[PDB]
Amino acid sequence: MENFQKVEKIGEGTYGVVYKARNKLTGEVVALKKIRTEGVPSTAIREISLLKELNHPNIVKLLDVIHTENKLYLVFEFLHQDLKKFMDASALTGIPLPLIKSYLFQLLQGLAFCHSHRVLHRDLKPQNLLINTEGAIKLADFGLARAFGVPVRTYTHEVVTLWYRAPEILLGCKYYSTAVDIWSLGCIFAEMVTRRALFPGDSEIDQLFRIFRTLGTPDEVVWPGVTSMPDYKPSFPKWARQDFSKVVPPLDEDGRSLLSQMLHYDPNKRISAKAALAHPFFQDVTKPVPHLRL
Ligand SMILES: NC(=O)c1cc([N+](=O)[O-])c(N2CCC(N)CC2)cc1NCc1cnc(N)nc1
């Protein structure tokens, strides 16, 4: 990559290292990602290349896909900060509600766009939601989970987080619907409000039981077909459902209503991104600018 001048390391992703770099010919500043492999499957190349046309203001733009010397490089639009770092930096006082609302509204717009084109993300987390000084937030890595799969550990052996994984995935479902992304965004929404992760599991069963302890152990009444799922066991403990007023205080009733619909157990009934954009919670939405010291 002598076409790019490395400025500095941004971090370590799931599949490889990420660098901030400058296009020596156009002066463009970008994010360069190296991806895991005896030559890279051809099926993955075709799938990823189609993503170059999935353009929207709330989706991080894929500039180029380069396969050479059996290595894979993805060139992306560059943004200065990610939501995980912003949340940590905002721990003492918390992110103001008008900004939490603006970010959720924008994220739902990005999901509605991708979902209308039959593309899901499958592994949303604060670390892949990027922000700028203008008040915008964008979703990164849409479509990569399908092409490469989601591993148990990263290329550096770090544990891939389970905190935002939908229950149907944990129970062994073979086919994923767009509902899996709505679940993840709901968990992220709750974390911005309370300043603590909603379901911080440290194993697949710990993650599932934390969900059950808060929302109640699911049954055929709320989730038709749950007892027939691949990893369901009749021996699961039976916990009672808790009140949202206790789960996400001090969020108002419009906010609690919307979150409850984003965390519905049955994937077929969970609210869609398009329907969520019309929820009363967004009646007074605005576009504030965050305080960023770069
Ligand atoms: N497209 C991008 O500009 C971008 C891409 C990735 N990525 O390709 O993953 C990324 N992460 C790397 C792996 C980390 N575990 C999570 C965040 C961060 C980005 N930008 C925000 C940012 C810029 N600079 C610094 N120092 N920190 C954050």
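As recorded in the PDB header, X-ray crystallography is the method behind this entry, and the stated resolution is 1.75 Å.

Can you walk me through empty space enclosed by the protein in this structure?
Over the atoms, a rolled probe matching the size of one water molecule traces out where space is still vacant. A volume near 100 Å³ is recorded for the largest cavity. If you go around the largest cavity, the residues you meet are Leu51, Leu54, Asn55, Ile59, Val60, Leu62, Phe76, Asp141, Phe142 and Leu144. Here the lining of the largest cavity gathers at least three residues from each of two domains, domain 1 (1–80) and domain 2 (81–291).

I tried to follow the site of the ligand on my own but got confused; where do I start?
The environment of the ligand is formed by 14 residues, the closest being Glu12, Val18, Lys33, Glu77 and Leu79. One nitrogen or oxygen atom from the main chain of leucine 79 is found 3.0 Å from a nitrogen atom belonging to the ligand. Between the ligand and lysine 85, the relevant distance is 3.4 Å, taken from a nitrogen atom to a side-chain nitrogen or oxygen of the residue. Placement of the ligand is best described as lying within the largest pocket. Those elements that place two or more of their residues in the shell around the ligand are β1 (4–12), β3 (29–35) and β6 (81–82).

Is there a simple way to explain the UniProt feature "binding site: Mg(2+)" in the protein chain in this structure?
According to UniProt, the "binding site: Mg(2+)" feature falls on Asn128 and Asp141. Among the residues just listed, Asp141 line the largest cavity. When you line up the elements, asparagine 128 lands in the loop between α3 (97–116) and β7 (129–131). Once residues lying within four places of it in the same chain are set aside, the contact partners of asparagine 128 are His121, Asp123, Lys138, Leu139, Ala140 and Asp141. Among the polar contacts made by the side chain of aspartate 141, one reaches the side chain of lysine 33 at a distance of 2.9 Å.

Please clarify how the environment of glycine 225 should be interpreted in this entry.
Take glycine 225: it is sitting in the loop between α7 (204–215) and α8 (244–247). A relative accessible area of 34% means that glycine 225 is categorised as partly exposed. Residues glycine 225 and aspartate 266, spaced 41 residues apart in sequence, show a C-alpha to C-alpha distance of 9.1 Å.

Analysis parameters
Residues numbered from 1 in each chain as written, not as in the entry; some residues may be left out. Heavy atoms only, no water. 1 Å grid on protein atoms, 1.4 Å probe; cavity = no way out; pocket = protein on both sides within 12 Å on 5 of 7 lines; lining within 4 Å. Points joined across faces, edges and corners; volume = space filled by probe spheres on them. Domains from an automatic or database assignment. Near = heavy atom within 4 Å. Polar contact = N/O pair within 3.5 Å; in protein donor to acceptor, adjacent residues only side chain to side chain. Sits in = over half its atoms within 2 Å of the grid points. Helix = DSSP H or I, 4+ residues; strand = E, 2+ residues; numbered from the N terminus. UniProt positions renumbered as here; feature names shortened; annotations may be inferred. Contact = heavy atoms within 4.5 Å. Buried < 20%, exposed > 50% of the residue type's maximum accessible area, 1.4 Å probe, protein only.

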